[PDB]
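# Summary of the model geometry
Residue-level listing of the chains:
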Amino acid sequence: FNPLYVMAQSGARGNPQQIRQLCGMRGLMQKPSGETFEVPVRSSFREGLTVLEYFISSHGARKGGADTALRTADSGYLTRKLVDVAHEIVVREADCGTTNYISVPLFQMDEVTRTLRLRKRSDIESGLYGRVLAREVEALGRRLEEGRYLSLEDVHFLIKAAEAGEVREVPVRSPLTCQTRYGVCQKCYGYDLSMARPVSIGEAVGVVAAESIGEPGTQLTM
Amino acid sequence: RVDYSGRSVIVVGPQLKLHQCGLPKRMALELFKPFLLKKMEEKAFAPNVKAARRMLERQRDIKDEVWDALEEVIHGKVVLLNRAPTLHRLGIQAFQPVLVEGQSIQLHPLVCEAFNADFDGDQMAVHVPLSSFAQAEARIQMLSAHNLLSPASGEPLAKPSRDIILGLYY
Amino acid sequence: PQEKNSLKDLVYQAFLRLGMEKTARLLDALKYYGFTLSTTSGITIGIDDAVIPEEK
Amino acid sequence: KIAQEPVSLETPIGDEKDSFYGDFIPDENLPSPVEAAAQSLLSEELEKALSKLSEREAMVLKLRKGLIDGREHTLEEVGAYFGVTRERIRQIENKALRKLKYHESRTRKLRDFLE
Amino acid sequence: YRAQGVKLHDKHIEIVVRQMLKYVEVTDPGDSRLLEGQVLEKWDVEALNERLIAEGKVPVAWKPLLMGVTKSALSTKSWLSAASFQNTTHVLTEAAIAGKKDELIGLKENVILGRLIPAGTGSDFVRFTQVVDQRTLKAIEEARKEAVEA
Amino acid sequence: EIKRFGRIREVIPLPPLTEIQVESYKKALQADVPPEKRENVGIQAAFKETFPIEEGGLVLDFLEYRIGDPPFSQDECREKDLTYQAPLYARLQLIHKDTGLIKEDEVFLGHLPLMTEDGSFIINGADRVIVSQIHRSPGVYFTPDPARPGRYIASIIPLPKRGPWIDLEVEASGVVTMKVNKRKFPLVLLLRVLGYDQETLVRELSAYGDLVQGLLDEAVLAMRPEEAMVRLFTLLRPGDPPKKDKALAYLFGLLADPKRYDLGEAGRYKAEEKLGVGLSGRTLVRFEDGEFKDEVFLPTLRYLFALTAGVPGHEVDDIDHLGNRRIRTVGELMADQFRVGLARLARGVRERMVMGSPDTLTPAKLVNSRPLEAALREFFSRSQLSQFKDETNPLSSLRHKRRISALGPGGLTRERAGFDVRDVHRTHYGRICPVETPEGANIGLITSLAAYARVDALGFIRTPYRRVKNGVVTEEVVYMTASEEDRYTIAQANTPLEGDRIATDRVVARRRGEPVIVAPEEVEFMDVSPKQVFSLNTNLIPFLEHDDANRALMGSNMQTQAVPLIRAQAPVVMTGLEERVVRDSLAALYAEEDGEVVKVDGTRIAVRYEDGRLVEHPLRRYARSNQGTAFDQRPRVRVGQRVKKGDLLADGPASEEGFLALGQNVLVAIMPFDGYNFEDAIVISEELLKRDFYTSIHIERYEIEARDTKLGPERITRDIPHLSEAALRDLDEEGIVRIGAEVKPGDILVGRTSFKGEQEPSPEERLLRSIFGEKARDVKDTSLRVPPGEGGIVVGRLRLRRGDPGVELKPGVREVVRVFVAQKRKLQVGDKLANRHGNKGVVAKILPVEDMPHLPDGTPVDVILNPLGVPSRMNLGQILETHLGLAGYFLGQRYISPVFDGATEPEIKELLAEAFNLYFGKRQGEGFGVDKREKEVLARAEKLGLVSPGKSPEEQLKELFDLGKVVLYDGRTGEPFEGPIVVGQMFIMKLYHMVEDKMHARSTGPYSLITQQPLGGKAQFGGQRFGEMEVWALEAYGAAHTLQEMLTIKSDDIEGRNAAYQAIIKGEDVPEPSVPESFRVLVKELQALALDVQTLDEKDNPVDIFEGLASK
Amino acid sequence: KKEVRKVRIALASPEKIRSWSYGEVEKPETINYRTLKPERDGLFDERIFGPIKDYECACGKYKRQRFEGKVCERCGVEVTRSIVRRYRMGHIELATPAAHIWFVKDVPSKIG
Amino acid sequence: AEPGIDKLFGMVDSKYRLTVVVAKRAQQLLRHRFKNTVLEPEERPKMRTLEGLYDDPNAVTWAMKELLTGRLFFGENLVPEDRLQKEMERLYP
Ligand SMILES: [Mg+2]
Ligand SMILES: [Zn+2]
Ligand SMILES: [Zn+2]
C-alpha cells in the first residue's frame, strides 16, 4: 500500500528506474566522452548524493537535456516534411477496384535464436486492426469473409488461429496496393481509428498520417 | 493571425464535463462582441447596434442584462481550444463557453493528455467559428466529446489519468 | 484491481459496444469518482515512503 | 528635422528572428469592419429618420448634403432646380433640422455618432 | 517506434512510403512522346500504357523510382505545393519555364488560394448534398407538373 | 531562535559577488590612477596601440586621458531617458618631424558610460548589464584531423579582431599546407622571408625520417625572401598587382605588427610554456633589419611534427578544457570596441592631414568625436553581450551579472553548438555551475559562475582549495586555475577531520576530475566547501542532495523569476547564503561605520557616526523596475539605539531582517484534492488573501510625445472637443492626471489634441454634423488612455517641456509627459507558484477557509499540493523541507542546512519528536485526550503497518508524527482522511507570470499595412497566430469552412471580414469570402519577378481577381 | 462571375510587362522632402499607380464618386478608389537588356 | 453535448455528409426564422432563461434534433437548386 509502489503499479506516476533512483542506487554514470564511468554513485536521492556523484550525474543529465531540445527541433522538421509529402492523400472512392494486396506475417524470426516466434500482440494489432480482408480466410472451423473489416476481436481470433498454426499470413488491402488516384480509398485504407468504424469518404488521411507519425517524433532518445 | 481569437493560461476543470471547457467572461465578451451587439439589439436596452457597442466600449457598466444576453448568444455554440505545439489534430478540440469569474481558461482533465498539457503556466488559445456551417463542423466532428480514440493508434486517447487511476486502483 | 490497461480496455470495450455518448458519461463519472476517492484515500508522500531494502 | 533619414521597414525588432519593424505598422487608410458597419448604420438610420419629413424638404436636404451626386448644391442651385427662391430653401432646411430635433429627441437612435 | 514504446498503426507509414516510391524512370519510351530516363508518376505511365495497348502501339517500359520524402514532395504535380514547401526559386523557375497549370487537386495549394479544401466537408463527394423538408418537397413536387401545363 | 546544522565550516567567506563587472571595468578605466603611473592595459592599451601615428611629415602622439564627471546623476539620467556617461578628454600632443613644430593642445574624445556600484550601466534611461563571454584561450593547440584518422592538425590563434586564425594541416599528398583566411599554400613558401632555406629546414628537423621530405619544394627553396614574398602576396591577395613593397607592408601588417596583430598575454605565456621555447613580443614574427625573423612558426612546427612522431612529452590539447578556455569580462570588451573606434578615428585623422593647410593644424581640427562615440554607442546599445538588466528582484540582477554566455559576436551561436560546448567538462567543477542554465535551445550555452569561483587577470577562472600537508590541513587557501588543479590531487570538503587533521584511512579524492579512494599521505589539497561547486541560486536550495538535477535547474531558474511580496518572508529552512545575497545585492542600506540612529521615518534614516559626521541615508520607496516589480526599502531600527558597522538599517524588496525573502512560508498538505491539484495545479487556502500573503506591487509606466507635425503643433491640454465632464475629472489643470487617482482601462492619463488631416465630412456625416449643429472643430483627440487589462493608481508625475533647463529634447518634439502607475496585485486564479525544489504550478481554484483539511486544533492548511508531481520529477528535497517545516512550525525556530553539508534524517526525526512532545503535551494540558477519528486513522494505518502494533494511540500518533504524517480532518465533511498525510511549512514563491498580464482576447482590431493580417502580441491588441500545424489539425478533422474562415474571413480578408461583421451585426449567417488579399499581394509580387500569374477557370480562361482595378 | 479552379505560372514577355504597366517610373525619388506627396515620376507617383485618396485626384479638382475613371487634366490622376495603388504596377524601360538572375543562377542553369 | 450523435453517425455513410446536411438545414432555419421546422411544440429545443424558457436560438441544435426525427430528406441531385430556393421563399415570408 506504499504510495510510490502504488503509483508505479497502477500506472498513476513513475517508472521502475525512477523508483530505482528514489530507493536503490542511482546507478552508474556516463562521462561526456560517452564511455561509462568506472565507479557508481551508490546512495539514492533520499540518502543524498555526495558532491562528485552529483557532478558526474550532472554531466549525464545536461547531456540528456540538450538531447531532448535538439530533438523537439528535429521533430518539427520531420513532421513538416511528412505533411508536405502526404498532403494530397484523401479518401475519395468507396472502392478503387483493385485485387492487389499485402500479406502481413504474424511471425518474425529472431536470428541466431533460430526458431520463428509469434509476433508480439501490439505489432499484430498495429498491422491487422481496422484492415479489410483481401480474400477469404479459413481457420479454426470458422471462415472470415471477403471484404470484411477486422475488429479487435477479429485480430485476436486471427492470433489464436496463428498459434493454431493454420495461418502464417494475413492477406489485407493496403494503401500501398491501392489504385486510387491522388489519394487512397475506403476499403484499401481501413477503419477510421478515431471512430472504430470504416473510414468516412473525404477524410484526408495523408495529413492525419503525417501528424500521427509526427507527434511521437519528440519521444525518441533510447 | 486571426480575428475573433484569444489566449490565456490554463486551469484544471474538475467539475466540468468533457464537451465543455471554462471560457472566461471578459474574453467571451470581446470574442462574441458582434453577436452580443445583435442580442442587445433584439432584447431591448439600447435602440440599435451602435448604442450597444458604445455602451460596451466606454465605462465598463457591465450589468446582469448584458451577461445574461451574452449567455443567450453563447448557448449551444462551441469554441475551439488550441495548445502549442500542435502535433495531433487533437491539439485542437471543441468545447463550450461557460462564463466563470477569474481570468484563466478552465480545461477538462482528460483531454490534457491529448494537448500534452500540464499546468505549469502552459497557455492555450480560443477561436470562435462564425458560420453555421463552421459551427456544425465544430460541434459534430471537431468536438472533444466526439473524439476519444486516437486516430494514430486506435486506442482511446481521452483517458483517466494520474489521480483517477490512483483512486480506482485504490 | 483496476489500473491503466484495465481501465483502457474498459473504455474501448464500452465504445465498441455501447456508444459514444455513454462512454463520455462513463469517462466523466470515472473522473469525478476517481478524484473524490483520491481525496478520501489521503495518499501522500513522506521521506520514509521510499523505503530501502535492508539487502542493499 | 529634415536631415534625419527614414527607417528600414525590415529593421529587426528584439532578439527574435520572426519579427520586423514594418509589420507592426497599422493601417488607418483602410476602413475597419466596425467603421464600415458604423457608416452603414449611420446612412441607414439617417435615411429612415429623413423619411418622416415632407418629400420636398428631404430632397432639398439631401441636395445640400451630397447624398445625391456627392457634390454640394448651394442655395441658388436648389432654388433653380425646384423653381423657387433661395431664401425659401433656407427656411425649409432650418425647419427640417428642428423636426429632426424632435423625433431624434424621442427615439435616441441617432443621438450617437457624436464621437 | 515499437522499440521506443510508441504504438502506431502501419497505415500511415504505408501511405508515406507509397508516396515515396510513386515515381518512375523511363527505359525505351517505345511509341510514346516520352524520352529515356524521363521521370513521371506511376498512375500516369500506367494509364498511358493502357491507352497505348488499346491503340495497338508499343507500351513504355520503366523502372520503379523511389526518392526521399523531400524530393518526392518537391517533384509533385502542384507547383504551389512545391513552392510553398521549400526551394522556392528552382521550383518557380522550372514551373514558369514549362508553364505548368496547377489544377488545385491537393489541399494545401487550395489553402494558399484561400479556396474550400478538397477534403473533409469540402469533398466533392458530400458537398453537393441537398436537404429538404416534407412540405417544401411536395410544393416543388407540384412545381414539376405545373411546368408542363404552361 | 535559529538553529544551524552541518560540520563543514568555511574558513573563507564568499568573495564579493558583483566583483567581476566592477573590478574588470575598474582595470579598464584607471580613473583614480595617475596618467603617469597607469597600467598600459585596457583603455590605455587601446591608446598606446593606436598611437603614435605618422604619415607633409606629420607625427602625432598621445599623452594622457581624462575621465569627466557625470553631467547628470544616475536617477536624472534614468528619468531623462539619457545614457549615464561622462566626457572622456584625451590629452594628445601633435608634432612635426621636419618642422620641429610643437603644438600640444588638449582635445576631446567622446562620452564614456560609467558602471554603477551594483555593476550595471544605464543606456538611454534603461538599466542594462554586460554579460561575461566565454571562448577558448589564445595560444596554439593541436587536435586530430577530422578528415585524416592518422595524424594531428595544428592551430595557431590570437585574440579576436587582433588578427586571423592559422591552421597547419598536412594534406594527404604527404605535402603540407597552411590555411589562413580560406586558402592553401605550403609552409616552406611561408618560411620564405623568415630566414630559412633547404638546409635550415633539414638540419635538426629530422628526428623523423619520413616527415622531412613532405615539407620541401625545391622550386620555392630556390627563390629567396622578397621573390616568394611577391609569390605569397600573389596567392593570398589576388586583387592588387603583385608589388614587392605592397607585399612587404601587407604581410608586415598581418603578422609582425604588434598593433594590428595582438596575441593574448595569456596566449603569449601559455604558448611560451607549451612549445618549450620563449617569445619576445606578442607577434608571430618580427620585422628586423628590413627582413622578417621567426618567432612562432618554428617551435610550433617543431611541436607539431614531434607530436605526430609519437615522442613522449608531446600530446593533443583538450578543447573544452577550461585551462584552454578564457572569459571576456566587461572591461576587455569595452576596451576592444574602444580600440576599434580608435582605429576608425585614426583613419579619420589620416584623411584630414593630406588636405587643407599641412603647415598649421591643431589636433582639435584633426580629431573627431563620432568614430569613438558611435563605436561605444553601438557596443552598449546593440551588442548581444549587452542586454536588459534583470530587475525582478535583487538576486535576479546578481545572477544576471554572474551569468556566463557562449553566445554573442565573436563567440558561437545556437546552430554551431553541438554537445561540444553544451556539455560539462571535468574542469567545470569549481568554476562553472553544472546545473543552472536555461531550459530552452540555450542549454549548456549560457551558464553561471560558481560561488567561490573567480576570474584572474588573464581571464582564467580559478577556484579556492585548502592546501594539506601530511594529513594536516593548512589555513592557506590557494586560488588555482584548471591546469594547476589538474596537476595536483584534491580531497573532498566532507572528508572526516579530527580537529584539523584527517581521520579515516580511505579519503575521497580526485586526480583530474577522476574520483579515487586514496590515503591521507598523498593528498596535497582539499575543497573549501561544496558550495563552490554550484552557483548562487543553486546554493539556495536546501537538501539539494535529494533533488534531481533537472528540477534543481528549474528551481534556480524560478528563483530568478521571483517577484517581491509585501509580507514576503525568508524560508524556514535555509542554506545560510541568503544574508550575503541581500548584502552584495546592494538593495539594502547598512551602517558604513559605528554610530547611532537619530531618526527613522520612511524617507530619511539619519545616523550620527562615531567619526562625528551626521549622515542621512535617503530611502528609495516604490521605484519602478524593468519588469515592473516594486523596489522598496523598509527600515528596521528603533530611534536611538547604537548600531555596529556593517549592521542593517533598511531591508530590500526581497529582504527580511537581512535575509533573502523571495516567497513566503506556508502550511502545505501533500494530497490529492478533488482533482483540483491535477497536473501540478495548486489549490490554495483563501486565508492567504486575508493576510495579504503573496500580494505584489507592480508599477507600469506610460509615456506620450507632443510633436509638431507639418499640419500643426501638438499640445497637452485639458480641453478636448467631444469630451464629457465626468471623464475629465482627475485632469486638474494642464490636462494631466492627478496623483492618487484610480485609472480604469479607457480612462485618460493625459490629454492631447492634434489637428486632424483636413478633409471633408462625408454627406451622411455632414448631415449628422448639421443635425446636432455641433461645430466640427479643428483639432482631434490624441490623448493617452491606459491599455485594456491594465489599471491602477497614479504615483509619479513627470513633464519634460522644451525651452526649459536641464533637458534637451529631440528635434520636432515639443514636450514629453510620463506617468507612473502602480497596481496592487493579490494572488488570483491562474497565477504561478513554485518552490525552491523545482515544483512548478498554477493557481487552480482558491478554496474558502470553511472547508479545508485542517488539524485537530482547528489549524487549516494553506495550499494542498499534489504528491503525483513528486516521484516523476524525483525531487525529495521538498519533502524534507516539509518535514523540517512542520517541526519548525511547532517548535517555532528556523534552520540553516547548507548544500551537501546538511541536516540528516535522525536529526529531523528528533526535532519532530520534540515538537510532538510540545504539541500533544499542550493537547493534554488543555484537557483533551485522543480523538476517536484519530483512533480510526491510526487503526487503518496500523493494519497497513505504518505504526507498530500493541502501542497506545499516543505512541502510534507519535510514530506517525515523526514520519511527517498527521491526522487530517476534511473541512467539508468533518470525517478524517483515511490515510495519514504529511503537512508542514514549505517555502513557496509567486513568480513573474500572471493571468493579469497574460489574458487577452480580440474581435476586430488594427491590421498590418503590407498584408492585412492582424498584428501580433497583447501590447498591440493582437490576434492569435494560427500556425501551419493547426492548419494540418483542421485538415485532419476535415473541417472545410472552419479552415476557410481561418484562412479568409476571420484573418486578412477585407470584404470578407467586413461583410461578416455586417452580417452578424444584422443577425445573418456570414457570406462566402473571395480573395484572401494576401494572395493578391503574392500575385503582384510574383508579377514583380516578371512571372506571369494567370488565374484560370473551369475551361482555361482568364479570371481577373482584381475587379476593374489593375485591368487597364 | 466565374469560378477559379486553375492557376498557371509562366514567363512574362516584355510586351506583357508593358501591358501591366500604367507607366514608367523615370525619376528615383520617393516623395518631396516637405509636402510628402509622391514625386512627379517617382516610385510612389499617383499619376500611374493611382490616387492616395478615394476618388480624390492630386490637385483636388475632381472630388467625387460622380466622376469615375476620368483622368484629370493636370495631375493625370485617374478618379477611382485609392486601393488600386496596391494592384497597379509600373515599369522601368532598360537601356541595355539584362538577364533575370533566376535562370542564370539556378542550380541547373536554364539559359546555360 | 449533442445527444443522438451515434444514431446521427448511423444515418449516413460519410460523416462530412452529415455535417453538410446539418449545416444547410441550420442555414434554412436561420433564413426562415424557425418557421420551416418539421418539429412540434413539445419537440422544440428550449433554452432555459430566468426571463422565460424560450426557443434555442442556436440553429445547429435545431437541425440536429430535426434530422434525429427523420422527417427530413437528404441526397445528391434530389431537387433542382433554383426551384428549391425559389419555392423555399415562396412558402415562408
Ligand atoms: Mg506545462
Ligand atoms: Zn483502394
Ligand atoms: Zn486633377
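Residues numbered from 1 in each chain as written, not as in the entry; some residues may be left out. Chains lettered and ligands numbered in written order. Part of a larger assembly, values for the part shown. Heavy atoms only, no water. Residues with missing side-chain atoms left out of burial classes, pairs and counts.

As recorded by the PDB entry, chain C carries the name DNA-directed RNA polymerase subunit beta' and is attributed to Thermus aquaticus.

Naming follows the PDB entry, where chain B appears as DNA-directed RNA polymerase subunit beta' of Thermus aquaticus.

## What to know about a negative patch on the surface
Threshold: Patch criteria: residues need more than 30% relative accessible area and no salt bridge. Like-charged residues are merged within 9 Å; nonpolar side chains of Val, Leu, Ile, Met, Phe, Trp and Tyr are merged within 5 Å. Computed with a 1.4 Å probe, the accessible areas rest on the Shrake-Rupley method; for each residue, only the protein chains presented here act as cover. In the sections that follow, a salt bridge refers to a side-chain nitrogen of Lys or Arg positioned within 4 Å of a carboxyl oxygen of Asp or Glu. Residues counted as positive are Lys and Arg, residues counted as negative are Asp and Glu, and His and the chain ends are not counted. Charge positions come from single atoms, namely NZ of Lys, CZ of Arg, CG of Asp or CD of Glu. Counting from the N terminus, the helices are the DSSP runs of H or I reaching at least four residues and the strands are the DSSP runs of E reaching at least two. Each residue is placed in one exposure class: buried if its accessible area under a 1.4 Å probe, protein chains only, is under 20% of its type's maximum, exposed if it is over 50%, and partly exposed if it falls in between.
Taken together, the side chains of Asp64(B), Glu65(B), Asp68(B), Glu71(B) and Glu51(H) make up a negatively charged region of the molecular surface. Note on placement: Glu51(H) falls in the loop between strand 1 (46-47) and strand 2 (54-55). In this structure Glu51(H) comes out as exposed when scored by relative accessible area, which is 70%.

## Some points on the interface of chain B and chain F
Note the threshold: Residues count as neighbours in contact if any of their non-hydrogen atoms are within 4.5 Å of one another. Here the buried area means the combined drop in accessible surface, using a 1.4 Å probe, for two parts upon being joined, counting both sides. We define a polar contact as two N or O atoms separated by no more than 3.5 Å, with the added condition that, inside protein, one atom must be a possible hydrogen donor and the other a possible acceptor, whereas residues neighbouring each other in sequence contribute only through side-chain atom pairs. Strand pairing is assigned whenever DSSP identifies at least 2 bridges connecting the two strands.
The partner chain F presents 68 residues to the 63 residues of chain B that form the contact. The contact between chain B and chain F buries some 5,900 Å² in all, and 59% of this surface belongs to carbon and sulfur atoms. Of all residues in chain B, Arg1(B), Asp3(B) and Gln103(B) give up the largest surface area on contact with chain F, accounting jointly for 16% of the area buried on that side. Along the contact surface separating chain B from chain F lie zero salt bridges. Applying the counting rule to chain B against chain F returns 27 residue pairs in polar contact. Among the elements that line the side of chain B that touches chain F, the one with the most residues is strand 1 (residues 5-12) of chain B, at eight residues. Sheet analysis places strand 1 of chain B next to strand 52 (residues 1000-1002) of chain F, joined by three bridges and oriented antiparallel. The partner of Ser5(B) across the bridge, within strand 52 of chain F, is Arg1002(F).

## As for the packing of aromatic side chains
In this description, an aromatic ring pair is defined by two values, namely the gap between the centres and the angle between the planes. All names here are of chain F. As a reminder of what qualifies: Each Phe, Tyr or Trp ring (for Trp, its six-membered ring) is paired with any other whose centre lies within 6.5 Å, and the angle between the two planes then decides the class: stacked below 30 degrees, edge-to-face above 60, tilted in between.
All chains considered together, the criterion is met by 36 aromatic pairs over all chains. A ring pair is formed by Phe47 and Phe62, whose centres lie 4.9 Å apart and whose planes are at 25°; its orientation type is stacked. Each member of the pair, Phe47 as well as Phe62, is classed as buried. Here a set of aromatic residues connected by ring pairs shows up, and it is made of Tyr889, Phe890, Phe916, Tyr919, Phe920 and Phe961.

## Some details on the sheet that holds strand 3 (residues 62-65) of chain E
Residue and element names in this part refer to chain E. Applicable threshold: Axis lines are fitted to C-alpha atoms, over the contacting stretch for helices. Their N-to-C directions set the angle, which ranges from 0 to 180 degrees.
Taken together, three strands build an open sheet; the order of strands is 2-1-3 and the sheet is antiparallel. The sheet is open, and its two borders are formed by strand 2 (39-41) and strand 3, each paired with just one other strand. Each neighbouring strand pair of the sheet contributes to a mean axis angle of 40°, computed without reference to strand direction. Sheet topology note: the strand 1 (residues 23-26)/strand 3 ladder contains four bridges and is antiparallel. Its bridge partner being in strand 3, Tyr23 is matched across the sheet by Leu65.

## Quick notes on the pattern of salt bridges
Under the counting rule described, the total for this entry stands at 115 salt bridges over all chains. Put simply, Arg282(F) and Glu265(F) hold a salt bridge, and the shortest N to O gap is 3.8 Å. Residue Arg282(F) is found in the loop between helix 9 (265-274) and strand 15 (285-288), and its partner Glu265(F) is found in helix 9; the two are separated by 17 residues along the sequence. A residue is classified by how much of its surface remains accessible, and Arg282(F), at 33% relative accessible area, is partly exposed. Across the pair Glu66(H) and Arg25(H) runs a salt bridge whose closest N-O atoms are separated by 2.8 Å. Of the two residues, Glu66(H) sits in helix 3 (residues 59-69) while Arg25(H) sits in helix 2 (residues 15-32), which places them 41 residues apart along the sequence.

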